[PDB]
Number of protein chains: 2
Amino acid sequence: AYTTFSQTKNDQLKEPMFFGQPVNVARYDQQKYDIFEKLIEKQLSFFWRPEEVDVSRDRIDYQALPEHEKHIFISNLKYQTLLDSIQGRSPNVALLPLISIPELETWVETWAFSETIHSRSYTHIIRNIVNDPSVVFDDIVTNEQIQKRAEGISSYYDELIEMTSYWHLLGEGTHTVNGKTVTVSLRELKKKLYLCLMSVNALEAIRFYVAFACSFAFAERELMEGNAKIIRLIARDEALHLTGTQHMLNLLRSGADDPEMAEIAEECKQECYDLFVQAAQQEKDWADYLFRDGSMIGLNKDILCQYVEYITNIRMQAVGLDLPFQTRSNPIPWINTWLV
Amino acid sequence: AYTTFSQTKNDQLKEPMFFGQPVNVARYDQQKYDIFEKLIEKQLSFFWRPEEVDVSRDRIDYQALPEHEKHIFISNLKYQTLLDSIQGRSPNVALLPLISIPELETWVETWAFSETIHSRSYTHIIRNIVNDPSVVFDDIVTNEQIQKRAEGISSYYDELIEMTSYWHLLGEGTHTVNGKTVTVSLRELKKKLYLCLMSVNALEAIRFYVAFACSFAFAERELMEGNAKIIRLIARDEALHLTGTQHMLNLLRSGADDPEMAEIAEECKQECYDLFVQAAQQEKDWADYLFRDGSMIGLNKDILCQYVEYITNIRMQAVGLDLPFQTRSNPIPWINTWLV
Ligand SMILES: [Fe+3]
Ligand SMILES: [Fe+3]
Ligand SMILES: [Fe+3]
Ligand SMILES: [Fe+3]
Ligand SMILES: [Hg+2]
Ligand SMILES: [Hg+2]
Ligand SMILES: [Hg+2]
Ligand SMILES: [Hg+2]
Ligand SMILES: [Hg+2]
Ligand SMILES: [Hg+2]
Ligand SMILES: [Hg+2]
Ligand SMILES: [Hg+2]
């Protein structure tokens with residue numbers, strides 16, 4: 001059963017990252033994995049407030065944009081809002097109840113908080129460019145293409161949370177709930193956590209990239225420069241997040257943490273592969289919806305597509321997976337000046 | 001029946017603060033209660049890092065304190081570490097799954113985040129004054145004197161968490177679970193939230209204050225000044241947190257947010273009064289503890305206790321509870337030079 005302050009005096013240095021005794025004393029004088037303490041310090045050094053980025057000229061530039069280019073900017077904004085909305089609460093609600101080491105507990109919390117800063121920045125941009133934000137915010141949940149092309153995300157979290165609840169209440173075994181047989185197994189829960197983690201990783205590694213590239217393309221035609229400065233900050237935060245999920249996944253893979261997680265990573269390898277491939281496809285589909293009731297001059301659905309492939313391969317290899325796409329060179333190296 | 005992104009387009013202004021549809025889109029262009037957005041704003045403007053306050057000279061001051069003064073300083077730090085260890089994690093684990101308005105959702109992740117900074121600050125202090133932090137950190141979990149408070153506080157959050165889990169897993173009704181009858185009633189669930197929210201108010205309202213007082217007592221004496229600087233940053237954050245729980249409680253009690261909550265607030269009165277008083281008495285016994293070995297210069301058990309009584313009456317009144325102690329002027333006006 002979960003407790004906010006476990007009463008057993010435990011050596012936190014020997015607990016696994018997940019499924020061990022809930023964290024009791026939050027101390028930062030020692031760590032099982034210093035990478036997490038490093039990441040917290042770095043995120044705290046990058047603290048920024050949106051409020052401090054002038055975006056007044058952007059309302060002018062935006063007003064002057066062709067409808068087709070406006071739809072691209074708005075749509076991306078709507079998409080980033082969906083993601084960061086989910087990224088703000090999810091790590092806290094889904095992982096926090098499973099963490100067993102303090103450095104990771106605090107990291108998750110610092111990471112989810114920085115996502116809320118991102119959310120706030122969208123509000124800042126939006127209310128500075130459109131005379132009524134509700135048009136944008138109200139077409140999110142309903143936008144059939146955002147929900148369609150971003151199908152699967154709440155899914156991994158939602159099932160994990162439900163499973164976690166059953167396990168925290170009932171414990172392992174086969175039970176009878178309202179006449180129904182329900183089986184609770186930790187190994188299964190670990191698979192659910194592992195794949196959730198691999199999906200967050202995909203989200204962090206690839207999902208923002210086509211948005212960033214659009215935003216940045218605008219900045220290269222010398223337009224939407226305040227937005228661009230914000231996206232620059234956001235991207236720098238996402239790089240830390242990703243570095244943090246890659247490490248978690250890789251440490252889990254090495255078998256140096258919980259040994260059962262090393263068997264699970266291996267047996268799930270094919271699903272890891274498929275979800276990444278599914279995500280790439282989703283981004284590619286997004287690429288069309290954007291390059292729809294028109295397009296752009298400097299970029300197009302094919303260029304986007306090449307880039308999504310370019311990036312997905314880099315990212316999959318970082319986590320030890322096989323490459324699904326043909327190897328190519330970055331198709332828009334100009335993005336590199338704005339990145340990380 | 002909890003999701004990280006509800007698919008129903010809903011009017012977020014019309015939703016209650018808790019137990020409504022889970023929050024989908026995080027937008028901050030509008031709010032049902034401006035207070036929570038204001039709170040997020042101040043807390044961000046107050047951002048600070050413990051690392052930038054120099055604690056080095058505090059080493060010689062602590063080393064030179066009389067032994068029983070070292071016990072007071074340390075026990076206090078231990079107690080503060082306990083409270084903030086619970087406060088970094090809890091609000092997120094306990095409230096997030098029940099919030100239905102975005103501003104509240106965000107404020108709760110910002111609030112909890114600022115508390116991780118407080119715990120980080122206690123390691124910074126501890127690290128800089130003793131040689132082995134493990135001596136401090138390993139005597140909190142099982143230290144008898146601290147322990148009682150921990151159990152009392154955790155309890156409220158824990159029962160709330162468990163009932164929330166059954167609620168979201170099975171919904172209301174009389175259910176069977178392995179031969180056992182289990183009744184789930186939202187009325188009762190509301191009752192448990194009100195009470196845990198009441199105990200956190202007492203926690204922010206009064207339990208930290210007595211620790212502050214002792215910290216500030218040394219500062220008045222020109223001792224342990226780095227610590228005193230950090231504690232001043234901490235008490236400034238605490239004032240905002242309390243402002244939050246006070247507002248939440250008052251909104252609930254007035255029936256303005258959820259009519260049923262006004263009924264629950266009245267049914268619950270005596271017990272809220274009993275809990276605040278119980279909290280106050282622990283602080284007193286805690287003071288009697290601290291000063292068993294003799295007063296520190298400038299502060300003593302009796303004054304402290306008068307101080308608890310004085311602050312309690314204030315806090316209580318603020319949340320419409322009867323005053324349990326005889327009215328008095330603040331017995332240690334000098335604390336105001338350090339608080340706000
Ligand atoms: Fe983000
Ligand atoms: Fe992120
Ligand atoms: Fe605090
Ligand atoms: Fe606090
Ligand atoms: Hg996850
Ligand atoms: Hg996930
Ligand atoms: Hg699997
Ligand atoms: Hg894998
Ligand atoms: Hg509580
Ligand atoms: Hg609470
Ligand atoms: Hg003291
Ligand atoms: Hg009550």
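Every read-out reported here was derived from the displayed coordinates using simple, explicitly stated rules and does not represent laboratory data. Heads up, the Cβs are rebuilt from the backbone with ideal geometry, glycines too, and the neighbour counts pull from every protein chain shown.
Roughly speaking, what is the centre-to-centre gap between segment A:112-126 and segment B:228-248 when only Cα atoms are used, to the nearest Å?
Each part's Cα centre sits 24 Å from the other's.
Roughly how many debye, to the nearest 20, is the charge dipole of the protein assembly as shown about its Cα centre, given +1 on each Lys and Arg Cβ, -1 on each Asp and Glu Cβ, and no other charges?
So the dipole magnitude of the protein assembly as shown works out to roughly 300 debye.
Take every residue in peptide B:81-90, count the Cβ atoms of other chains within 10 Å of its Cβ, and give the average of those counts.
The per-residue average across the peptide is 5.
Shortest first and in nm to one decimal, what separations exist between B:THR176 and its copies in the other chains, measuring from label points 7 Å along the Cα-to-beta-carbon line?
Nearest to farthest, the other copies are at 0.6 nm.
Nothing charged except the Cβ atoms of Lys and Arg (+1) and of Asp and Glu (-1): what's the magnitude of the dipole of segment B:63-162 about its Cα centre? Round to the nearest 20 debye.
300
Residue by residue through segment A:304-316, which ³J(HN,Hα) values in whole Hz follow from phi under the Karplus form 6.51 cos²θ - 1.76 cosθ + 1.60 (θ = phi - 60°), with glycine and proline marked x?
Going residue by residue, I get 3, 4, 4, 4, 4, 6, 3, 5, 3, 5, 4, 4, 6 Hz, with x marking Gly and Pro.
Report the Cα centroid-to-centroid distance between segment B:172-200 and segment B:60-95 in angstrom, as an integer.
The distance from the Cα centre of segment B:172-200 to that of segment B:60-95 comes to 33 Å.
Within a Cβ distance under 13 Å of B:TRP286, other residues only, what is the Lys/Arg minus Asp/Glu net charge?
Here the charged neighbours net out to +3.
Can you list the distances in nanometres, one decimal and ascending, from the A:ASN250 label point to the identical position in each other copy, with the point 7 Å along Cα to Cβ?
5.2
A:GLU188 versus B:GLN7, label points 7 Å from Cα toward the beta carbon: distance in nm?
Spacing of the two 7 Å Cα→Cβ label points: 2.3 nm.
How big is the equivalent ellipsoid of chain A along its three axes, where each semi-axis is √(5λ) from the Cα gyration tensor, reported in whole Å from largest to smallest?
37, 22, 20
Measuring nothing but label to label, 7 Å from Cα along Cα→Cβ, what are A:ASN330's distances to the other copies in nm, shortest first?
Spelled out, the distances from A:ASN330's label point are 5.7 nm.
In debye, nearest 20: dipole of chain B around its Cα centre with unit charges on the Cβ of K, R (+) and D, E (-)?
So the dipole magnitude of chain B works out to roughly 180 debye.
Return the whole-Å distance between the Cα centroid of segment A:293-310 and the Cα centroid of segment B:264-340.
65
Find which of A:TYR62, A:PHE47, A:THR123 sits farthest along the positive direction of the dipole of chain A, computed with +1 on the beta-carbon of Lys and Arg, -1 on that of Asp and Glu, about the Cα centre.
The listed residue farthest towards the positive side: A:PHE47.
Shape verdict for the protein assembly as shown, please, from the Cα gyration tensor: rounded (a/c under 1.5), prolate (a/b greater than b/c) or oblate.
In terms of gyration-tensor shape, prolate.
For a 32 Å ceiling on Cα separation, which of these pairs sit above it: A:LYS148/B:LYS32; A:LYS70/B:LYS32; A:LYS190/B:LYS191; B:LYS148/B:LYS192; A:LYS180/B:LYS191?
Cα-Cα > 32 Å for A:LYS190/B:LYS191; rest within.
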